[PDB]
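Below is one structure, written out as structure tokens, with a few remarks after it.
None of the figures in this text is laboratory data; all of them are computed from the coordinates on show. Here the Cβ positions follow ideal geometry from the backbone for every residue, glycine too, while neighbour counts run over all protein chains shown.
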Amino acid sequence: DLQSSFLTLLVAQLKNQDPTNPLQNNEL
Amino acid sequence: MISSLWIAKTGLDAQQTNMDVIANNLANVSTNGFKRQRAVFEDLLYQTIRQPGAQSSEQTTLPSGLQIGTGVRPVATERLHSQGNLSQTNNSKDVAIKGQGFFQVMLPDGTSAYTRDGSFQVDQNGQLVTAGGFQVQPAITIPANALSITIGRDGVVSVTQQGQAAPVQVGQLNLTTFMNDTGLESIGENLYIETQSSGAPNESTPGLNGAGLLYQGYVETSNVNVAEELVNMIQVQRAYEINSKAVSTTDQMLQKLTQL
Amino acid sequence: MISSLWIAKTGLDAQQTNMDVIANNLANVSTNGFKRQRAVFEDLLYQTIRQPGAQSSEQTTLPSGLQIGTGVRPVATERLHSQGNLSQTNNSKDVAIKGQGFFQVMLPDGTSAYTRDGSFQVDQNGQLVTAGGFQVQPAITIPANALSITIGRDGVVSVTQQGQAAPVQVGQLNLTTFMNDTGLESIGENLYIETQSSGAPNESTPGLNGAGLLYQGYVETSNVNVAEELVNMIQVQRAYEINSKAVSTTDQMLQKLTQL
Amino acid sequence: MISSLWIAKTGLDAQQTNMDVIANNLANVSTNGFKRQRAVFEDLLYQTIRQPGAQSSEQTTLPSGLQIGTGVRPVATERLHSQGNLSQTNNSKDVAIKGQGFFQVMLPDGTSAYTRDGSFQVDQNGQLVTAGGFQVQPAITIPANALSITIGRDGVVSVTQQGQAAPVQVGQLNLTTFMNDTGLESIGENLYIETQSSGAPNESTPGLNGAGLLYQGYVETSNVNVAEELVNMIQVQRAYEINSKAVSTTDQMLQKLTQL
């Protein structure tokens, strides 16, 4: 369950940037 | 204004819709029973200036007439209904589905909606609810005196009473199948309602007439692939940047036009 | 007014048309099956002052007589009908084309349109419609009991009935080849219609008579070159720049003449 | 517009083609039967201003005349047909090839394509097809009473019947060699068709006349070294950036030229 502790930490702070477009698209 | 600016506006709106759809897909990972969405695009009017046929002389035909065109209208947002991948919750009050079929529910107004989320509950009155008081159709009531509830792959629900060493058949929990799954209109809560496009609802007991089976203790995780979503996000991000650059180009053109 | 100003005005209009076409191509990325457009320009009248022949002496000839000329009228926009990049969508309702051809569609007017898009659907009666409820031709009806669909690479469509262990042949989905892909008149909705510039339609099963092959589970991406379009915006912007500078020069000369 | 702008346009287009080729190689790592591509370039016209001969005086000659030159036209995308590395898939149907040669396959048009993909399948009519309903030439029909199918390295395919303790010969699988493997033109599905560039096909049994050998149970993986593709990717990325910067510098020159 450690994957969810960071996989969903990534896609809870990336599923917001795409709305607001501070896009780097490269640290992803 | 300028016919370039309107085209670029349509392109920007299309790419923004695509990115909102992609973000909805990507934020719905780890949402059990969720189904992926896919945007389908479509171009608008073509302002014909010279007709592609439209013979010029008596012998010439003028192939490939002048057409300008506009717009990138998103024609649809289809809901790809694939099979979600199961996971073990080790809990009795979660039943997942394998194959076609939806759980039918009487919305408070009496109109029957559908949900592929067997995260059922038991209310005060014995009835079966689904995350908000969604009462199953047909009605099945759970008595308090039963100990363990098992829902077999054939869909019949039977509970075991204290002392009585027999699983009394308390009811049947059947699914609903449609000719077009994508036509279902989502209204949130992972609920879809019948629409004139989906087709007439066909209710059947699980496993029969092409419907799927039920598995207790499982939750159907969302059928969203993070890799595909990130690749598609990259593509949409570049498209958005390029359309914004087109808007910038049109703006500079207009600006040095007016400076004159 | 001034013979310079009309010429510069035509130049500005030509560059604006160029930018229009560029923006339409550029916003129509991510649109399946889209074909890039490119504008072809064409000089206008040449007002002859001295005839290039018209000997001056009894022996001389006056080479390269004086003629001024005007205008940059855009003569056409051709459409590059090259094959797009297939990408795996992995959806059973999506079909791409490898080679020449167009899917026929019957419009609600009864007239026939032709689309190079495979993002197909099944409606409430089971027909193959195409992202907007346009029925494909010849009619293909999915039986209500069908569970899976496949489109053979030759174009045969066969479904998997329930219970029956045989994917029965329900239809043949055939392509249409035109002698002139470029002459099709686009009416939007990702559709093209016949005009006498394209030629009569030649309908054939896929593969035969030069038609392409059907790739189920693939989608044909637009053949829009992003880098080419970016540099095209740079070029068209700076051309518009220059033409406006010419208009400025003519304005300044003319106002010095008024001040005279 | 400006000569340097067109030259840099060609530079960006060539580097874009290079990047697309490399990305196609990089994606189709771990695809069986894929061959890497190498984009080879070719410079375009050279505008002569002063001929490198073109004597000026009676005695001088003007060595190394002034000519500008344009363009980086990519002449070809050569496809390198080297032998892949065989790995035990341990499936009965998957046979690899060792050496020159290809598998012949019948299009739905009666014409023949060729593929280095022994990942066969059997259809309901018993014929051996390969990823698309590809009827093999000559035809081989699997008898229904087959329990297993074995393929020899000489091309002799024989099936096992119930009771009968004999490998009844059901077909002979022939390879084809071309004098130019690079001339093959792909038509998708990684199947190639003979063209005037390839030359006449020569059909022979596996092993003889320089053809390869058949190894059942092996898959031939791609001949794509990831490290080599990555070093190419680095070089190409540098070239792509340098060409974009050339375009931008020309654009800024035009900037200040107009602002004049």
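Spot the failing condition for D:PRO138; the list is (1) in a loop (DSSP other than H, G, I, E, B); (2) in contact with a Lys or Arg (Cβ under 7 Å, 6 or more places away or on another chain); (3) not acidic (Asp, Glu), and only one is missed.
Condition (2) is where D:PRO138 drops out.
So B:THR10 passes all but one of these: (1) in contact with a helix residue (DSSP H, G or I) (Cβ under 8 Å, 6 or more places away or on another chain); (2) crowded, with 21+ Cβ neighbours inside 10 Å; (3) away from chain C (no Cβ under 11 Å). Which condition number does it fail?
Result: B:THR10 passes all but (3).
Whether any residue in segment D:186-208 is polar (S, T, N, Q) and in contact with a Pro (Cβ under 8 Å, 6 or more places away or on another chain) is what I want to check.
The initial filter retains those residues of segment D:186-208 that are polar (S, T, N, Q), namely D:186, D:190, D:195-198, D:202, D:204-205.
After this cut, where a residue has to be in contact with a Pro (Cβ under 8 Å, 6 or more places away or on another chain) as well, the list is none.
The answer is no, given that none of the residues of segment D:186-208 is polar (S, T, N, Q) and in contact with a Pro (Cβ under 8 Å, 6 or more places away or on another chain).
Do you know which residues across segment C:168-194 are part of a loop (DSSP other than H, G, I, E, B), of a type outside the set (S, T, N, Q) and at the interface with chain B (Cβ under 10 Å from one of its Cβ atoms)?
C:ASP181, C:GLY183, C:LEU184, C:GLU189, C:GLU194
Select the strands (runs of 3 or more DSSP E) contained entirely in segment C:195-256, then report the ones holding at least 1 residues which are among the β-branched types (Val, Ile, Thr) and either surrounded by fewer than 16 Cβ atoms within 10 Å (Cβ to Cβ) or under 23 Å from the mean Cα position of the chain (by Cα) (or both). Full working, then the answer.
Numbers: elements: C:202-204, C:213-216, C:218-220.
Fully inside segment C:195-256 and qualifying: C:218-220.
The rows are residues; the columns are (1) out of contact with any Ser or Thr (no Cβ under 9 Å at 6 or more places or on another chain); (2) buried (at least 18 other Cβ atoms within 10 Å of the Cβ); (3) of a type in the set (S, T, N, Q); (4) without any contact (Cβ under 8 Å) to a residue 60 or more places away in the chain.
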site: B:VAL122; (1), (2), (3), (4): yes, no, no, yes
site: B:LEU128; (1), (2), (3), (4): no, yes, no, yes
site: B:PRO138; (1), (2), (3), (4): yes, no, no, yes
site: B:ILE142; (1), (2), (3), (4): yes, yes, no, yes
site: B:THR150; (1), (2), (3), (4): no, no, yes, no
site: B:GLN164; (1), (2), (3), (4): yes, no, yes, yes
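All but one of (1) touching a residue at least 12 places away in the same chain (Cβ under 8 Å); (2) surrounded by fewer than 20 Cβ atoms within 10 Å (Cβ to Cβ); (3) acidic (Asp, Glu) hold for B:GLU58, so report the exception by its number.
(1)
Filter segment B:88-99 down to the residues that are surrounded by 14 or more Cβ atoms within 10 Å (Cβ to Cβ) and either at positive phi or under 21 Å from the mean Cα position of the chain (by Cα) (or both) and list them by number.
B:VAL95, B:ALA96, B:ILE97, B:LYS98, B:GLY99
Conditions: (1) facing another protein chain (nearest Cβ under 10 Å); (2) small (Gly, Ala, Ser); (3) closer than 30 Å to C:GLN104 by Cβ. C:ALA227 meets all but one. Number of the miss?
(3)
Among B:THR17, B:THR31, B:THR77, which is the only one that is within 24 Å of B:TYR192 (Cβ to Cβ), out of contact with any strand residue (DSSP E or B) (no Cβ under 7 Å at 6 or more places or on another chain) and surrounded by fewer than 20 Cβ atoms within 10 Å (Cβ to Cβ)?
None of the others qualify; the one that does is B:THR31.
Go through segment D:100-116 and give me each residue that's touching a residue at least 40 places away in the same chain (Cβ under 8 Å) and either buried (at least 19 other Cβ atoms within 10 Å of the Cβ) or more than 10 Å from chain C (Cβ to nearest Cβ) (or both).
Of everything in segment D:100-116, those that are touching a residue at least 40 places away in the same chain (Cβ under 8 Å) and either buried (at least 19 other Cβ atoms within 10 Å of the Cβ) or more than 10 Å from chain C (Cβ to nearest Cβ) (or both) turn out to be D:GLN100, D:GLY101, D:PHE102, D:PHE103, D:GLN104, D:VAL105, D:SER112, D:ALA113, D:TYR114, D:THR115, D:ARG116.
Pick out the one residue from C:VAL21, C:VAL40, C:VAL29, C:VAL75 that is within 10 Å of chain B (Cβ to nearest Cβ) and assigned to a loop (DSSP other than H, G, I, E, B). Talk me through it step by step, then tell me what you get.
Details: C:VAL21 fails: assigned to a loop (DSSP other than H, G, I, E, B); C:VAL40 fails: assigned to a loop (DSSP other than H, G, I, E, B); C:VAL75 fails: assigned to a loop (DSSP other than H, G, I, E, B).
Selected residue: C:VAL29, the only one of C:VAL21, C:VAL40, C:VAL29, C:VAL75 that is within 10 Å of chain B (Cβ to nearest Cβ) and assigned to a loop (DSSP other than H, G, I, E, B).
Kindly indicate whether any position in segment C:61-68 is away from chain B (no Cβ under 14 Å), exposed (fewer than 14 other Cβ atoms within 10 Å of the Cβ), in contact with a strand residue (DSSP E or B) (Cβ under 6 Å, 6 or more places away or on another chain) and farther than 30 Å from B:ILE68 by Cα.
For segment C:61-68, residues away from chain B (no Cβ under 14 Å), exposed (fewer than 14 other Cβ atoms within 10 Å of the Cβ), in contact with a strand residue (DSSP E or B) (Cβ under 6 Å, 6 or more places away or on another chain) and farther than 30 Å from B:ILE68 by Cα: present.
When the residues of segment C:43-60 are narrowed to those that are at negative phi and small (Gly, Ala, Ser), which ends up nearest to the other protein chains (Cβ to nearest Cβ)?
Within segment C:43-60, the first condition is being at negative phi, and the residues that meet it are C:43-53, C:55-60.
Cutting the leftovers down to small (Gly, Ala, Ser) gives us C:53, C:56-57.
Working: C:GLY53: 26, C:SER56: 32, C:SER57: 33 Å.
Looking at residues that are at negative phi and small (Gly, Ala, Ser), I get C:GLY53.
Can you tell me which of B:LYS93, B:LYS9, B:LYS35 is touching a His at 6+ places or on another chain (Cβ under 7 Å) and over 24 Å from C:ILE193 (Cβ atoms)? Step through it out loud before you land on a result.
Numbers: B:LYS93 fails: touching a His at 6+ places or on another chain (Cβ under 7 Å); B:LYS9 fails: touching a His at 6+ places or on another chain (Cβ under 7 Å).
Criteria check complete, one pass: B:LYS35.
Here is a list: D:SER3, D:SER87. Which entry is of a type in the set (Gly, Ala, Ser), within 14 Å of chain C (Cβ to nearest Cβ) and more than 17 Å from D:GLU189 (Cα to Cα)?
Criteria check complete, one pass: D:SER3.
Taking segment C:230-248 as the region of interest, how many residues are in contact (Cβ under 8 Å) with a residue 60 or more places away in the chain and either closer than 14 Å to B:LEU260 by Cα or more than 10 Å from chain D (Cβ to nearest Cβ) (or both)?
6
So, D:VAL72, is that one out of contact with any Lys or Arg (no Cβ under 9 Å at 6 or more places or on another chain), buried (at least 18 other Cβ atoms within 10 Å of the Cβ) and in contact (Cβ under 8 Å) with a residue 40 or more places away in the chain or not?
Answer is yes for this residue.
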